[PDB]
file protein_3.cif (mmCIF, N, CA and C atoms)
data_structure
#
loop_
_atom_site.label_atom_id
_atom_site.label_comp_id
_atom_site.auth_asym_id
_atom_site.auth_seq_id
_atom_site.Cartn_x
_atom_site.Cartn_y
_atom_site.Cartn_z
N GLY A 1 -36.06 -13.34 18.17
CA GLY A 1 -34.89 -12.86 17.47
C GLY A 1 -34.05 -13.99 16.89
N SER A 2 -33.28 -13.68 15.85
CA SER A 2 -32.44 -14.68 15.20
C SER A 2 -31.33 -15.14 16.13
N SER A 3 -30.65 -14.18 16.76
CA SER A 3 -29.56 -14.49 17.68
C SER A 3 -28.54 -15.42 17.02
N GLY A 4 -28.22 -15.13 15.76
CA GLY A 4 -27.26 -15.94 15.04
C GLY A 4 -27.19 -15.59 13.57
N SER A 5 -26.31 -14.65 13.23
CA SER A 5 -26.16 -14.22 11.84
C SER A 5 -25.73 -15.38 10.96
N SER A 6 -26.14 -15.33 9.69
CA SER A 6 -25.80 -16.39 8.74
C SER A 6 -24.97 -15.83 7.59
N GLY A 7 -23.67 -16.13 7.59
CA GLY A 7 -22.80 -15.65 6.54
C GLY A 7 -22.48 -14.17 6.68
N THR A 8 -21.19 -13.85 6.74
CA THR A 8 -20.76 -12.46 6.87
C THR A 8 -20.93 -11.70 5.56
N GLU A 9 -20.40 -12.26 4.48
CA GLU A 9 -20.50 -11.64 3.17
C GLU A 9 -21.84 -11.97 2.50
N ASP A 10 -22.89 -12.04 3.31
CA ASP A 10 -24.22 -12.35 2.80
C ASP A 10 -25.10 -11.10 2.78
N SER A 11 -25.14 -10.39 3.90
CA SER A 11 -25.94 -9.18 4.01
C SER A 11 -25.05 -7.94 4.07
N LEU A 12 -24.07 -7.88 3.17
CA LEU A 12 -23.15 -6.75 3.12
C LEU A 12 -23.90 -5.45 2.82
N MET A 13 -23.35 -4.34 3.30
CA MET A 13 -23.96 -3.03 3.08
C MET A 13 -23.29 -2.30 1.93
N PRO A 14 -23.95 -1.25 1.43
CA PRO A 14 -23.44 -0.44 0.31
C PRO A 14 -22.22 0.39 0.71
N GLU A 15 -21.80 1.28 -0.18
CA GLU A 15 -20.65 2.13 0.08
C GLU A 15 -21.06 3.37 0.87
N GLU A 16 -22.22 3.92 0.53
CA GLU A 16 -22.72 5.11 1.21
C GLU A 16 -23.00 4.83 2.68
N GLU A 17 -23.89 3.88 2.94
CA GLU A 17 -24.24 3.52 4.31
C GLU A 17 -23.01 3.08 5.09
N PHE A 18 -22.27 2.13 4.53
CA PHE A 18 -21.06 1.62 5.17
C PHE A 18 -20.30 2.74 5.87
N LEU A 19 -19.87 3.73 5.09
CA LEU A 19 -19.13 4.86 5.62
C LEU A 19 -19.79 5.39 6.90
N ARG A 20 -21.12 5.35 6.93
CA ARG A 20 -21.87 5.83 8.08
C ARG A 20 -21.55 4.99 9.32
N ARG A 21 -21.33 3.69 9.11
CA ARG A 21 -21.02 2.78 10.21
C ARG A 21 -19.53 2.82 10.53
N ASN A 22 -18.71 2.47 9.55
CA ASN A 22 -17.26 2.46 9.73
C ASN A 22 -16.66 3.82 9.39
N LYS A 23 -16.84 4.78 10.29
CA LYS A 23 -16.32 6.13 10.09
C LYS A 23 -14.81 6.10 9.83
N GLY A 24 -14.12 5.18 10.50
CA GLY A 24 -12.69 5.06 10.33
C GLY A 24 -11.93 6.21 10.95
N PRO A 25 -10.62 6.29 10.66
CA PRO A 25 -9.94 5.33 9.79
C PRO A 25 -9.81 3.96 10.44
N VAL A 26 -9.54 2.95 9.62
CA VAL A 26 -9.39 1.58 10.11
C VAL A 26 -7.92 1.17 10.14
N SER A 27 -7.60 0.19 10.98
CA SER A 27 -6.23 -0.30 11.11
C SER A 27 -6.12 -1.73 10.58
N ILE A 28 -5.50 -1.87 9.41
CA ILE A 28 -5.32 -3.18 8.80
C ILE A 28 -3.89 -3.68 8.99
N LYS A 29 -3.75 -5.00 9.14
CA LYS A 29 -2.44 -5.61 9.33
C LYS A 29 -2.09 -6.51 8.15
N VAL A 30 -0.94 -6.25 7.53
CA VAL A 30 -0.49 -7.04 6.40
C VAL A 30 0.52 -8.10 6.83
N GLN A 31 0.10 -9.36 6.83
CA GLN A 31 0.97 -10.46 7.22
C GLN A 31 2.04 -10.71 6.16
N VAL A 32 3.27 -10.32 6.47
CA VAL A 32 4.39 -10.51 5.55
C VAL A 32 5.13 -11.81 5.84
N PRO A 33 5.19 -12.70 4.84
CA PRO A 33 5.87 -13.99 4.96
C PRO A 33 7.38 -13.84 5.04
N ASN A 34 8.07 -14.96 5.23
CA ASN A 34 9.53 -14.95 5.33
C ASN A 34 10.15 -15.76 4.19
N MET A 35 10.52 -15.07 3.12
CA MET A 35 11.13 -15.72 1.96
C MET A 35 12.59 -15.31 1.81
N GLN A 36 13.50 -16.21 2.17
CA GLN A 36 14.93 -15.93 2.07
C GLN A 36 15.40 -16.02 0.62
N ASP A 37 15.21 -17.19 0.01
CA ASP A 37 15.62 -17.40 -1.37
C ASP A 37 14.46 -17.93 -2.21
N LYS A 38 13.31 -17.26 -2.09
CA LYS A 38 12.12 -17.66 -2.84
C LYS A 38 11.58 -16.50 -3.66
N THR A 39 12.27 -15.36 -3.60
CA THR A 39 11.86 -14.18 -4.34
C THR A 39 12.88 -13.05 -4.20
N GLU A 40 12.67 -11.96 -4.92
CA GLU A 40 13.57 -10.82 -4.87
C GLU A 40 12.90 -9.63 -4.18
N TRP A 41 12.28 -9.88 -3.03
CA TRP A 41 11.61 -8.83 -2.28
C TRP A 41 12.00 -8.88 -0.81
N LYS A 42 11.43 -7.97 -0.02
CA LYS A 42 11.72 -7.91 1.41
C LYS A 42 10.68 -8.67 2.21
N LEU A 43 10.94 -9.95 2.45
CA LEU A 43 10.02 -10.79 3.22
C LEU A 43 10.75 -11.54 4.32
N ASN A 44 10.63 -11.04 5.55
CA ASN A 44 11.28 -11.66 6.69
C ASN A 44 10.33 -11.76 7.88
N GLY A 45 9.29 -12.58 7.74
CA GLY A 45 8.32 -12.75 8.80
C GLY A 45 8.09 -11.47 9.58
N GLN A 46 7.16 -10.65 9.10
CA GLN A 46 6.85 -9.38 9.75
C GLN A 46 5.41 -8.96 9.46
N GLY A 47 5.04 -7.77 9.93
CA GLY A 47 3.70 -7.28 9.71
C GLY A 47 3.67 -5.79 9.43
N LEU A 48 2.99 -5.40 8.36
CA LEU A 48 2.89 -3.99 7.99
C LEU A 48 1.49 -3.45 8.27
N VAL A 49 1.40 -2.48 9.18
CA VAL A 49 0.13 -1.88 9.53
C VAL A 49 0.06 -0.42 9.07
N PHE A 50 -1.11 -0.02 8.58
CA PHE A 50 -1.31 1.34 8.10
C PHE A 50 -2.73 1.82 8.39
N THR A 51 -2.83 2.89 9.17
CA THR A 51 -4.13 3.45 9.53
C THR A 51 -4.58 4.49 8.52
N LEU A 52 -5.52 4.11 7.66
CA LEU A 52 -6.04 5.02 6.64
C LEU A 52 -7.56 4.90 6.53
N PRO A 53 -8.21 6.02 6.17
CA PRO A 53 -9.67 6.07 6.02
C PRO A 53 -10.15 5.27 4.81
N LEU A 54 -11.46 5.06 4.74
CA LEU A 54 -12.05 4.31 3.63
C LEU A 54 -12.46 5.25 2.50
N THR A 55 -11.51 5.55 1.62
CA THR A 55 -11.77 6.44 0.49
C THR A 55 -11.33 5.79 -0.82
N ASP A 56 -10.04 5.50 -0.93
CA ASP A 56 -9.49 4.88 -2.13
C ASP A 56 -9.78 3.38 -2.14
N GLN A 57 -9.23 2.69 -3.14
CA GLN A 57 -9.43 1.25 -3.27
C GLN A 57 -8.28 0.48 -2.63
N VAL A 58 -8.30 -0.84 -2.78
CA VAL A 58 -7.25 -1.69 -2.22
C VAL A 58 -5.89 -1.34 -2.81
N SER A 59 -5.90 -0.70 -3.97
CA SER A 59 -4.66 -0.31 -4.64
C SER A 59 -3.73 0.42 -3.68
N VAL A 60 -4.28 1.38 -2.95
CA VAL A 60 -3.50 2.16 -1.99
C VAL A 60 -2.79 1.25 -1.00
N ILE A 61 -3.31 0.04 -0.83
CA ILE A 61 -2.72 -0.93 0.09
C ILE A 61 -1.53 -1.63 -0.55
N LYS A 62 -1.62 -1.87 -1.85
CA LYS A 62 -0.54 -2.53 -2.58
C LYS A 62 0.63 -1.59 -2.79
N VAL A 63 0.33 -0.36 -3.21
CA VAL A 63 1.37 0.64 -3.45
C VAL A 63 2.24 0.84 -2.21
N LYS A 64 1.60 0.86 -1.05
CA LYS A 64 2.32 1.04 0.21
C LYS A 64 3.29 -0.12 0.45
N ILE A 65 2.76 -1.34 0.44
CA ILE A 65 3.58 -2.52 0.65
C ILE A 65 4.79 -2.53 -0.27
N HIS A 66 4.57 -2.17 -1.53
CA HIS A 66 5.64 -2.14 -2.52
C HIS A 66 6.63 -1.01 -2.21
N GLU A 67 6.11 0.09 -1.67
CA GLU A 67 6.94 1.24 -1.33
C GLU A 67 7.95 0.88 -0.24
N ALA A 68 7.57 -0.07 0.61
CA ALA A 68 8.44 -0.51 1.69
C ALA A 68 9.25 -1.74 1.29
N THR A 69 8.55 -2.78 0.84
CA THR A 69 9.20 -4.01 0.42
C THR A 69 9.40 -4.05 -1.09
N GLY A 70 10.34 -4.87 -1.55
CA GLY A 70 10.60 -4.99 -2.97
C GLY A 70 9.44 -5.60 -3.73
N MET A 71 8.47 -6.13 -3.00
CA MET A 71 7.30 -6.75 -3.61
C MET A 71 6.53 -5.74 -4.45
N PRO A 72 6.33 -6.07 -5.73
CA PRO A 72 5.60 -5.20 -6.67
C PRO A 72 4.11 -5.12 -6.35
N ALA A 73 3.50 -4.00 -6.70
CA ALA A 73 2.08 -3.80 -6.46
C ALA A 73 1.23 -4.48 -7.52
N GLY A 74 1.26 -5.81 -7.52
CA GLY A 74 0.49 -6.57 -8.50
C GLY A 74 0.58 -8.07 -8.27
N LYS A 75 1.80 -8.60 -8.33
CA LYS A 75 2.02 -10.02 -8.13
C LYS A 75 1.49 -10.47 -6.77
N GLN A 76 1.65 -9.62 -5.76
CA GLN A 76 1.18 -9.93 -4.42
C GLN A 76 -0.34 -9.97 -4.37
N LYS A 77 -0.88 -11.04 -3.79
CA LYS A 77 -2.33 -11.20 -3.68
C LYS A 77 -2.79 -10.95 -2.24
N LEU A 78 -3.63 -9.93 -2.07
CA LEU A 78 -4.14 -9.59 -0.75
C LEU A 78 -5.41 -10.38 -0.44
N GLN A 79 -5.34 -11.23 0.58
CA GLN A 79 -6.48 -12.05 0.98
C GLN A 79 -7.08 -11.54 2.29
N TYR A 80 -8.34 -11.12 2.23
CA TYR A 80 -9.02 -10.60 3.41
C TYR A 80 -9.98 -11.65 3.98
N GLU A 81 -9.56 -12.32 5.05
CA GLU A 81 -10.38 -13.34 5.68
C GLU A 81 -10.79 -14.41 4.68
N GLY A 82 -9.90 -14.70 3.73
CA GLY A 82 -10.19 -15.70 2.72
C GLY A 82 -10.55 -15.09 1.38
N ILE A 83 -11.17 -13.91 1.42
CA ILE A 83 -11.57 -13.22 0.20
C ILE A 83 -10.35 -12.69 -0.56
N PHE A 84 -10.39 -12.80 -1.88
CA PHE A 84 -9.29 -12.33 -2.72
C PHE A 84 -9.55 -10.91 -3.21
N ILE A 85 -9.29 -9.94 -2.34
CA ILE A 85 -9.50 -8.53 -2.68
C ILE A 85 -8.43 -8.05 -3.66
N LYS A 86 -8.83 -7.18 -4.58
CA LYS A 86 -7.91 -6.64 -5.57
C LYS A 86 -8.01 -5.11 -5.62
N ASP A 87 -7.07 -4.49 -6.33
CA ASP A 87 -7.05 -3.04 -6.45
C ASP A 87 -8.32 -2.53 -7.13
N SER A 88 -8.90 -3.37 -7.98
CA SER A 88 -10.12 -3.00 -8.70
C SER A 88 -11.29 -2.83 -7.73
N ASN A 89 -11.27 -3.60 -6.65
CA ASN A 89 -12.33 -3.54 -5.65
C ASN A 89 -11.98 -2.53 -4.56
N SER A 90 -12.96 -1.72 -4.17
CA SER A 90 -12.76 -0.71 -3.14
C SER A 90 -12.96 -1.31 -1.75
N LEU A 91 -12.25 -0.76 -0.77
CA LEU A 91 -12.34 -1.24 0.61
C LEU A 91 -13.76 -1.06 1.15
N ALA A 92 -14.31 0.13 0.96
CA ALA A 92 -15.66 0.43 1.42
C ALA A 92 -16.65 -0.63 0.95
N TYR A 93 -16.68 -0.86 -0.35
CA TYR A 93 -17.59 -1.85 -0.93
C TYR A 93 -17.67 -3.09 -0.05
N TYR A 94 -16.53 -3.73 0.18
CA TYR A 94 -16.47 -4.93 1.00
C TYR A 94 -17.06 -4.67 2.39
N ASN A 95 -16.85 -3.46 2.89
CA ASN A 95 -17.35 -3.08 4.21
C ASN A 95 -16.54 -3.74 5.32
N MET A 96 -15.21 -3.63 5.21
CA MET A 96 -14.32 -4.21 6.21
C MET A 96 -14.59 -3.62 7.59
N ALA A 97 -13.90 -4.15 8.59
CA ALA A 97 -14.06 -3.68 9.96
C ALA A 97 -12.72 -3.31 10.58
N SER A 98 -12.69 -2.21 11.32
CA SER A 98 -11.46 -1.75 11.96
C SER A 98 -10.65 -2.93 12.48
N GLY A 99 -9.33 -2.73 12.58
CA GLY A 99 -8.46 -3.79 13.07
C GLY A 99 -8.47 -5.01 12.16
N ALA A 100 -8.55 -4.77 10.86
CA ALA A 100 -8.56 -5.86 9.89
C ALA A 100 -7.18 -6.49 9.75
N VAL A 101 -7.11 -7.60 9.02
CA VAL A 101 -5.85 -8.30 8.81
C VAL A 101 -5.77 -8.89 7.40
N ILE A 102 -4.96 -8.27 6.56
CA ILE A 102 -4.79 -8.72 5.18
C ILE A 102 -3.63 -9.71 5.07
N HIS A 103 -3.95 -10.95 4.73
CA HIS A 103 -2.93 -11.99 4.58
C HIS A 103 -2.27 -11.90 3.21
N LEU A 104 -0.94 -11.92 3.21
CA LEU A 104 -0.18 -11.85 1.96
C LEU A 104 0.10 -13.24 1.41
N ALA A 105 -0.03 -13.39 0.09
CA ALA A 105 0.21 -14.67 -0.56
C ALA A 105 0.71 -14.47 -1.99
N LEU A 106 1.37 -15.49 -2.52
CA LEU A 106 1.90 -15.43 -3.88
C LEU A 106 0.82 -15.73 -4.90
N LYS A 107 0.67 -14.85 -5.89
CA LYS A 107 -0.34 -15.02 -6.93
C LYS A 107 -0.07 -16.30 -7.72
N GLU A 108 -1.14 -16.92 -8.21
CA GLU A 108 -1.03 -18.14 -8.99
C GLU A 108 -1.50 -17.92 -10.43
N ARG A 109 -0.57 -18.01 -11.37
CA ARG A 109 -0.89 -17.82 -12.78
C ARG A 109 0.20 -18.42 -13.67
N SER A 110 -0.20 -18.90 -14.84
CA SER A 110 0.74 -19.50 -15.78
C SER A 110 2.06 -18.75 -15.78
N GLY A 111 1.99 -17.43 -15.94
CA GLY A 111 3.20 -16.62 -15.95
C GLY A 111 3.42 -15.94 -17.29
N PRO A 112 3.26 -14.61 -17.31
CA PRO A 112 3.44 -13.81 -18.53
C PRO A 112 4.90 -13.73 -18.96
N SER A 113 5.24 -14.45 -20.02
CA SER A 113 6.60 -14.47 -20.53
C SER A 113 7.12 -13.04 -20.75
N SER A 114 6.41 -12.28 -21.57
CA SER A 114 6.79 -10.91 -21.86
C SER A 114 5.68 -9.94 -21.48
N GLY A 115 6.06 -8.76 -20.99
CA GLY A 115 5.08 -7.77 -20.60
C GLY A 115 5.61 -6.82 -19.54
#
call {"tool": "encode", "arguments": {"input": "protein_3.cif", "output": "structure tokens"}}
result
Amino acid sequence: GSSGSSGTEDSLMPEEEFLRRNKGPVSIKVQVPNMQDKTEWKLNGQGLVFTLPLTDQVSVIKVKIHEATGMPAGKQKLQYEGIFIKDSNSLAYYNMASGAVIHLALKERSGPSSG
């Protein structure tokens, strides 16, 4: 036997099968930073957890955070174990595992003057 997997995001499973394994719902934790005068949102060193099944995309994760904190559902970048997950990508696809932890970080981009 191998007795030693090589790379987690190497032998990922599909969306159909995945659901078979991760019946869910899963519990993800959103690491909220503490920004006093670095933004116009609600960031005071905390954590937002939400138990939801694997149906919609990561978007449902952003909308929630924004619904609670002033942080908009876009500028905030959700990092899953280093991976830069977006609303375009579905949770199932990635094949996350219960008790996940989404790290919050500030998006990096030139900056759209108007829009």
call {"tool": "select_by_dssp", "arguments": {"input": "protein_3.cif", "residues": "chain A", "states": "strand (DSSP E)", "output": "PyMOL selection string"}}
result
chain A and resi 26-32+46-52+76-80+83-85+101-106
call {"tool": "residues_around", "arguments": {"input": "protein_3.cif", "residues": "residue 47 (chain A)", "least_positions_apart": "3", "cutoff": "7 Å", "atoms": "all atoms listed in the file", "output": "mmCIF file with N, CA and C atoms, in the coordinates of the input"}}
result
data_model
loop_
_atom_site.group_PDB
_atom_site.id
_atom_site.type_symbol
_atom_site.label_atom_id
_atom_site.label_comp_id
_atom_site.auth_asym_id
_atom_site.auth_seq_id
_atom_site.Cartn_x
_atom_site.Cartn_y
_atom_site.Cartn_z
ATOM 1 N N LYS A 29 -3.750 -5.000 9.140
ATOM 2 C CA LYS A 29 -2.440 -5.610 9.330
ATOM 3 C C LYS A 29 -2.090 -6.510 8.150
ATOM 4 N N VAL A 30 -0.940 -6.250 7.530
ATOM 5 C CA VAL A 30 -0.490 -7.040 6.400
ATOM 6 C C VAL A 30 0.520 -8.100 6.830
ATOM 7 N N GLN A 31 0.100 -9.360 6.830
ATOM 8 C CA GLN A 31 0.970 -10.460 7.220
ATOM 9 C C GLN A 31 2.040 -10.710 6.160
ATOM 10 N N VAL A 32 3.270 -10.320 6.470
ATOM 11 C CA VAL A 32 4.390 -10.510 5.550
ATOM 12 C C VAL A 32 5.130 -11.810 5.840
ATOM 13 N N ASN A 44 10.630 -11.040 5.550
ATOM 14 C CA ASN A 44 11.280 -11.660 6.690
ATOM 15 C C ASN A 44 10.330 -11.760 7.880
#
call {"tool": "closest_residue", "arguments": {"input": "protein_3.cif", "among": "A:68, A:73, A:58, A:107", "to": "residue 86 (chain A)", "atoms": "all atoms listed in the file"}}
result
A:58
call {"tool": "resolve_selection", "arguments": {"input": "protein_3.cif", "expression": "the PyMOL selection byres (((chain A and resi 75-77 and name CA) around 9) and name CA)", "output": "list in words"}}
result
residues 62, 71, 72, 73, 74, 78, 79, 84, 85, 86, 103, 104, 105, 106, 107 and 108 of chain A
call {"tool": "closest_residue", "arguments": {"input": "protein_3.cif", "among": "A:9, A:27, A:37, A:52", "to": "residue 100 (chain A)", "atoms": "only C-alpha atoms"}}
result
A:27
call {"tool": "closest_residue", "arguments": {"input": "protein_3.cif", "among": "A:35, A:70, A:7, A:80", "to": "residue 101 (chain A)", "atoms": "only N, CA and C atoms"}}
result
A:80
call {"tool": "closest_residue", "arguments": {"input": "protein_3.cif", "among": "A:15, A:56, A:69, A:99", "to": "residue 34 (chain A)", "atoms": "only C-alpha atoms"}}
result
A:69
call {"tool": "resolve_selection", "arguments": {"input": "protein_3.cif", "expression": "the PyMOL selection byres ((chain A and resi 26) around 8)", "output": "ChimeraX atom specification"}}
result
/A:22-25,27-29,50-54,96-100
call {"tool": "atom_distance", "arguments": {"input": "protein_3.cif", "atom1": "atom C of residue 12 (chain A)", "atom2": "atom N of residue 91 (chain A)"}}
result
13.1 Å
call {"tool": "select_by_dssp", "arguments": {"input": "protein_3.cif", "residues": "chain A", "states": "alpha helix (DSSP H)", "output": "PyMOL selection string"}}
result
chain A and resi 15-21+59-68+91-94
call {"tool": "atom_distance", "arguments": {"input": "protein_3.cif", "atom1": "CA of residue 8 (chain A)", "atom2": "CA of residue 63 (chain A)"}}
result
27.7 Å
call {"tool": "closest_residue", "arguments": {"input": "protein_3.cif", "among": "A:59, A:95, A:114, A:88", "to": "residue 13 (chain A)", "atoms": "all atoms listed in the file"}}
result
A:95
